[PDB]
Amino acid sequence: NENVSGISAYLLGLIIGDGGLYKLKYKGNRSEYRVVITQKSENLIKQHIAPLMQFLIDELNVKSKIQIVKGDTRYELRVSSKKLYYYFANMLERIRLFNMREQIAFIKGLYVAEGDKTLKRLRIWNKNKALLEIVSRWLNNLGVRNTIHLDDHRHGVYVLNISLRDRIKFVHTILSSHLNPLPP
């Protein structure tokens, strides 16, 4: 299924960027498995992201709930689910095999999470150079030129800079792509 594969890739962009995948161990041989996306904007969390996760949850027949925990500085969308955790973690492991549908959705998600949102410049930040290098190759194959270098010497954070020469192709083909959209 390609609409599920794409929405997955997109969610996985948000997760890797602004959340995580947590395998927790508690006292008494108790455990927990968490798919997390955090975000400041209540409306983006509840009106765009959650309906997407909800759709994926239903289609996978995961029957965990979508928790939304309001925190200090940010909303946390959380799904407590061994099945969903491994679904994304295994999907992460085979990121290199992503097809063009998945690549674009992943880059879009990653950008919504980690990207320069003013679009004055086109920039993705991350400590994970290998992840950025994969994104770079995909972008090069989509005819979007880009460079990677160490932006934040204090915290070890790399930036992937998308060349403004390929501005239109990047925004039009990646950011504002109508592909795999909340069907309805």
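For the two forms, the rigid core is made up of the largest set of C-alpha atoms that agree within 1.5 Å on superposition. Numbers for residues come from their place in the sequence shown, where the first is 1.
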C-alpha RMS from this form in 6 other deposited structures of this protein, rigid core superposed: larger for 75 to 83 or 110 to 118?
110 to 118
Greater root mean square CA deviation, 28 to 36 compared with 45 to 53 in 6 other deposited structures of this protein, core aligned:
28 to 36
Hey, which bit's got the bigger mean C-alpha B factor in the entry, 166 to 174 or 16 to 24?
166 to 174
When the Cα temperature factors in the entry are averaged, is it 154 to 162 or 39 to 47 that ends up higher?
39 to 47
In this PDB entry, which of 107, 100, 84, 77 has the top CA B-factor?
100
Options 63, 127, 34, 123 - largest CA temperature factor per the record:
63
Would you mind ranking residue 133 by its C-alpha B-factor against the rest of the chain and naming the third, lowest, middle or highest?
middle
For residue 114, the third of its chain by CA B-factor is the lowest
